[PDB]
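Novice: Partial complex follows, first chain(s) only, in situ:
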Amino acid sequence: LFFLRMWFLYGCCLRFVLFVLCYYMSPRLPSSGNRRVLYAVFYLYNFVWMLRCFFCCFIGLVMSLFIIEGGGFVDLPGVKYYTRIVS
Amino acid sequence: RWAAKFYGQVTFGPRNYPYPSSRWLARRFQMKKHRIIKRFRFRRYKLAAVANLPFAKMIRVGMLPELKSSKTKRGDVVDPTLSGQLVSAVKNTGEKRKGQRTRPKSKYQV
Amino acid sequence: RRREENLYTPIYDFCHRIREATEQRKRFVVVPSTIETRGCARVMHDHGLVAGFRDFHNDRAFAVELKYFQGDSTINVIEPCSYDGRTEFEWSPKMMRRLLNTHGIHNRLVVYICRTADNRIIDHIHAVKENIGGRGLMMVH
Amino acid sequence: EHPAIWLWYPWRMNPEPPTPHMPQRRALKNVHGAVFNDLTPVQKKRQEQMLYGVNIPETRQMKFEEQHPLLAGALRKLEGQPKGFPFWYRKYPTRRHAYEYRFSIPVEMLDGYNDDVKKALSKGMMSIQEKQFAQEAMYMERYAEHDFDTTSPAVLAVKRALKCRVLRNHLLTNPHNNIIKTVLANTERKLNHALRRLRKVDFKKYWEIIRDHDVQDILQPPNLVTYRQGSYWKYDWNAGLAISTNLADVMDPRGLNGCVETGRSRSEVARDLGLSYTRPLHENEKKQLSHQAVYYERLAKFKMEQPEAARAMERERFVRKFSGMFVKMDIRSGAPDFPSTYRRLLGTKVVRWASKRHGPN
Amino acid sequence: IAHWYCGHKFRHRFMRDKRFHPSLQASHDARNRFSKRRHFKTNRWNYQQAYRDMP
């Protein structure tokens, strides 16, 4: 188990975040493609943290806040958090 | 010695490996050590430890406003008397006085 | 030789002498002579784990004669109870009674040696008999 | 000019030497870190007295004559004549006992030989090592409990004292052999052991050894930390000499013990038996006590002769008792350590104290 | 070993446990266990004449 990947869950299983950016990043070879990465924000003890996580979710009509869960590893190095649903 | 012999763990091989380090690993870490040392030389690092001061905390003299290499970065704040004395030390270290013991010289020491 | 190292005991290296001399198939071992050490020898010789033993009233050492059967030793394993002298394990009578019991069947196969408040060196079987607790020394079988 | 400066170019393994430069020759420490520049005049005297020569004390001739008057009678008949039978053998019980000539050759054995031979076995002809062994044997003999005693504390302490002086002046001459620095330090440690066992065996001999060879510097407790925890005094516990005193010759034991049933201390039963044990006092304790003894006479004189001043002070005290922090004694007020038992007040509410601990506890 | 105590690695836990180990405790022989090196070579150039009030 790798315990430092969970740094921004802060001892919680799931997180609530707000959408900011959505950009694309290329995974580690030999896997080619475009991985969609959402750049999100949330606040804890009046500090505003920018969270960076893998967008696997389904976007419908335009919506703002997501639910973040931690997984195993993914093709893309450096992105620990995954998306459950969008609200 | 003050400085570090190694950087990172240079002896990592399997147990009972009958040498301190393998060739491969030692070459990797020789690379990293090389880069760090080269950085020290070109940026012209200088450290000092003064008597009757906390020793673990070393005044970095290479960042002092007079001896600073960069024209841009704000260097450091060290006492006026002490800093004068440090400048004098660095300056009068440079050249060999006869009767004194010969000590290794370099471009980057100035 | 230094601080982190274990503090050895005549029992510790008594057991390891015997173990190593059993691995090299020797007939005789010269071994440290203290009260509980030659106690341990008399108990092992009772159970027949050892061919014989003698104390010559030599101060340092005395001698043990090992027994082999069917080409390997009579001793599977022999282990000291404590690694240090700074650690002392006490055996409750119920514990020594647990050892004797293999899921409902009475098992005397393995022997455990221990000190008593009475300075006797006993196996766990006599200990359980008279219901006295004792300090652990070593196991052997 | 002002503190030394080490300059370190971090690509280099070690710093450049300091600017004031230090002394060119390293100081020689004793075991505890104290510095000796040279032998002390006493030790110097010991080596100057070893060098030119030693001597057997006529003490030995005397006790030889009183113990074995017959043998001494024989030697007394035979002086100057060559002897084929060594009557003198009782005078020299051990090989080591005869140091006045080389190779442990007793004096009276040289009677019938050439004077050249006599000069060739003389003290002047000894090597330096032989001379050391000579001094050591003489002193060992003066402190020994019997002839063959070696391991006893006094003997050990003396021989180690001598060895130590030798090594010290040796290091004075040729500065770097760190083998012998180490051997000097180890010797000094074993000397420390020997002396601290001595003062609990017989202390006067301990004293006169320290006064003869001038080693008080290795009896000094190393540092305040381990001393404050009483591990300096803890040594003679480990050595097993802690209870060894055998009081009755000194210190009549009647007032050293407390009463179990009464609960009264030793100062109390001493009070009752009309005995006084008190350590000799320095001027501190004397002038403190002599200042305190007189409080009531000074007071009586004050309140007789000068009532108004007194009544002023009293006004202030009496009225003070009503002002102030606490007017009545409760567990809170009567807490002997206020900052300690309430630490939770110290930053915020209570500003008087800046720390929670002013004493052991 | 709970992962929140001490460092993020495991071995940091056992490195701080060696601070509490029974046979490792500080005494008159083993001293300054936690910083040995700040106090090293501290008195080298401090010259102290040892204390003798007896000849």
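Specialist: Yep, that arrived. Residues are numbered from 1 along each chain as shown, chains lettered A, B, ... in the order given.
Novice: When you work out contacts or count neighbours from here on, use the C-alpha atoms and nothing else.
Specialist: OK.
Novice: any chance you could map the strands in chain B?
Specialist: B:47-50, B:59-60 (DSSP state E).
Novice: Give me the most central residue, chain D.
Specialist: Central residue of chain D (Cα atoms, centre = their mean): residue D:219, 3.7 Å from the mean position.
Novice: So for that residue, what's the nearest residue that isn't a sequence neighbour?
Specialist: residue D:192 (6.3 Å; Cα to Cα, 6 or more residues apart in numbering or on different chains).
Novice: returning to what we had before: for the strands of chain B, which one sits closest to chain E?
Specialist: Nearest of the strands of chain B to chain E, taken as Cα to the nearest Cα: strand B:47-50 at 12.4 Å.
Novice: and the closest one, is it in reach of chain D?
Specialist: Yes: for a cut-off given as Cα under 8 Å from any Cα of the partner chain, strand B:47-50 has contacts with chain D, namely B:47-50.
Novice: Just want the residue of chain A that's nearest chain B.
Specialist: The nearest approach of chain A to chain B comes at residue A:4, 21.0 Å away (Cα to the nearest Cα).
Novice: can I assume that residue sits in a helix?
Specialist: No: Residue A:4: not assigned to a helix; according to DSSP: H, G, I helix; E, B strand; the rest coil it is coil.
Novice: Please name every helix or strand in contact with the helix or strand containing residue C:98.
Specialist: Assessed by DSSP states H and E, residue C:98 sits inside helix C:93-99. With contacts taken as 3 or more Cα pairs under 8 Å, 6 or more residues apart in numbering or on different chains; DSSP states H and E, helix C:93-99 sits against helix C:124-130.
Novice: hmm, who's touching the helix it packs on?
Specialist: C:93, C:96-97, C:100, C:108, C:111-114, C:133-134 (Cα atoms under 8 Å, 6 or more residues apart in numbering or on different chains).
Novice: Next, the buried residues of it.
Specialist: Neighbour counts over helix C:124-130 (16 or more other Cα atoms under 10 Å in any protein chain shown) mark C:124-125, C:127-128 as buried.
Novice: Mind listing what's buried along stretch D:228-247?
Specialist: Neighbour-count burial for stretch D:228-247 [16+ other Cα under 10 Å]: D:231-232, D:236, D:241.
Novice: Chain F next, sequence below:
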Amino acid sequence: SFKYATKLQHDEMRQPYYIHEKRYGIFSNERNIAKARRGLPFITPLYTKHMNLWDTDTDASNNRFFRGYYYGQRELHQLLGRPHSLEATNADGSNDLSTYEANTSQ
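Specialist: Chain F, in position alongside the others:
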């Protein structure tokens, strides 16, 4: 030896209450229960330790915790001046009597 014996909430796993009486006298706690500051957090300490383990009364002969060598008894023998060792003849730490104990009838 199991988990059920870990739970002291059974009265069968727990040293009984009355011991604290036997040490401090009977009905001694009824006093303590009426105390001003109680149970927040602390109550007047309740001493229950199996009476064969009591440090006060018992000694090296009936109590196994006293005859532990390397800290209690080692110091004691060093102090009293008995010869001692790791594995010794006497139950406690000691090969033989000291000089005082041999020369004096107590």
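Novice: Please re-evaluate the contacts of helix C:124-130 in the presence of chain F.
Specialist: C:93, C:96-97, C:100, C:108, C:111-114, C:133-134.
Novice: Just the buried ones out of those residues, please.
Specialist: For these, buried by 16+ other Cα under 10 Å: C:93, C:96-97, C:100, C:111-114, C:133-134.
Novice: Could you dump those residues into JSON lines with distance to residue D:296 added?
Specialist: Below are these laid out as JSON lines (distance: Cα to Cα, whole Å):
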{"residue": "C:93", "distance to residue D:296": "70"}
{"residue": "C:96", "distance to residue D:296": "74"}
{"residue": "C:97", "distance to residue D:296": "76"}
{"residue": "C:100", "distance to residue D:296": "81"}
{"residue": "C:111", "distance to residue D:296": "80"}
{"residue": "C:112", "distance to residue D:296": "76"}
{"residue": "C:113", "distance to residue D:296": "74"}
{"residue": "C:114", "distance to residue D:296": "71"}
{"residue": "C:133", "distance to residue D:296": "68"}
{"residue": "C:134", "distance to residue D:296": "67"}
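Novice: quick revisit: sec struct for the residue nearest to the centre of chain D, please.
Specialist: coil.
Novice: Test my guess that residue F:77 contacts residue F:83.
Specialist: Yes: contact status for residue F:77 versus residue F:83: in contact at 7.1 Å, counting by Cα atoms under 8 Å.
Novice: Would you mind telling me which of these two has more residues around it?
Specialist: Using other Cα atoms under 10 Å in any protein chain shown as the criterion, residue F:77 and residue F:83 rank with residue F:77 on top: 21 against 16.
Novice: Name the nearest residue to that one, ignoring sequence neighbours.
Specialist: residue F:84 (6.7 Å).
Novice: give the contact list for the one you found.
Specialist: Applying Cα under 8 Å, 6+ apart, the residues near residue F:84 are F:74, F:77-78, F:93-96.
Novice: Who are the contact partners of the residue nearest to the centre of chain D?
Specialist: Residue D:219 touches D:192, D:195-196, counting by Cα under 8 Å, 6+ apart.
Novice: Buried ones from those, can you make that a ChimeraX selection?
Specialist: Selection of buried members from the contacts of residue D:219 for ChimeraX, criterion 16+ other Cα under 10 Å:
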select /D:192,195,196
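Novice: to the structure above, add chain G:
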Amino acid sequence: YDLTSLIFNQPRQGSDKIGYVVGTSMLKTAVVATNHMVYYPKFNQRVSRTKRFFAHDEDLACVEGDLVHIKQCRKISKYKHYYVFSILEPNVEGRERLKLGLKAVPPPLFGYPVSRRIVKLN
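Specialist: Now chain G, sitting on the chains shown earlier:
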């Protein structure tokens, strides 16, 4: 269970202590270093720790380096709950050392450790 409870029957834990006298700078006050015991059940072994106490000796017998018996008592001053019950071993060497006008024990050579480098020459 340690030396102290081995020798004494204590009405209350810590009511008796045996220790050494370390320093007397305070009138009618003897500081005493004492050992007590800690048990680590994980490793099944004991450690000795040490602690200082202020003890009250009226009449000022105690010389530094005495082996003393010490008891719990009435609160005396802010930090003194203990009094010197009996001198087990007096310091004969120290007393004779005082009689000659010298300090009981030589003062420790170095004080507490520092993080500086003191350059003090001659």
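Novice: please look at what packs on helix C:93-99 again, because chain G has been put in.
Specialist: Short answer (3+ Cα pairs under 8 Å, 6+ apart): helix C:93-99 packs on helix C:124-130.
Novice: Could I have the CA atoms of the helix it packs on written out in CSV?
Specialist: C-alpha atoms of helix C:124-130 as CSV (Å, rounded to 0.1, in the frame of the first residue of the first chain):
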residue,chain,number,x,y,z
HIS,C,124,8.2,-29.1,33.0
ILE,C,125,6.7,-32.5,33.8
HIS,C,126,7.8,-32.7,37.5
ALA,C,127,7.0,-29.0,37.7
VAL,C,128,3.4,-29.6,36.6
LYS,C,129,3.3,-32.6,39.0
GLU,C,130,3.9,-30.5,42.1
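Novice: so how far is that helix off the chain centroid?
Specialist: 15 Å (Cα atoms, centre = their mean, to the nearest Å).
Novice: can you tell me how far the residue nearest the centre of chain F sits from residue F:78?
Specialist: The residue lying closest to the centre of chain F (Cα atoms, centre = their mean) is residue F:55, at 2.8 Å. Noted for residue F:55: a distance of 21 Å to residue F:78, by Cα to Cα, to the nearest Å.
Novice: Going by neighbour count, list what's buried in the lengthiest helix in chain B.
Specialist: When chain B is parsed with DSSP state H, its longest helix is helix B:23-42. Within helix B:23-42, the residues that count as buried by 16+ other Cα under 10 Å are B:26, B:29, B:33, B:40-41.
Novice: just stretch C:53-72 next, same as before
Specialist: In stretch C:53-72, the ones that count as buried by 16+ other Cα under 10 Å are C:53, C:61-68.
Novice: Contact partners for the spatially closest residue to residue A:27 that is not a sequence neighbour?
Specialist: Nearest non-adjacent residue to residue A:27, counting by Cα to Cα, 6+ apart: residue A:76, 4.4 Å away. Counting by Cα under 8 Å, 6+ apart, residue A:76 makes contact with A:25-28, A:35.
Novice: again, but for residue G:98
Specialist: Residue G:98 neighbours (Cα under 8 Å, 6+ apart): D:279-281, G:104.
Novice: Can you lay out those residues as JSON lines showing secondary structure, neighbour count and distance to residue D:61?
Specialist: Shown next, in JSON lines, are the contacts of residue G:98 (DSSP: H, G, I helix; E, B strand; the rest coil; neighbours: other Cα atoms under 10 Å in any protein chain shown; distance: Cα to Cα, whole Å):
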{"residue": "D:279", "secondary structure": "coil", "neighbour count": "17", "distance to residue D:61": "44"}
{"residue": "D:280", "secondary structure": "coil", "neighbour count": "19", "distance to residue D:61": "43"}
{"residue": "D:281", "secondary structure": "coil", "neighbour count": "13", "distance to residue D:61": "46"}
{"residue": "G:104", "secondary structure": "coil", "neighbour count": "22", "distance to residue D:61": "41"}
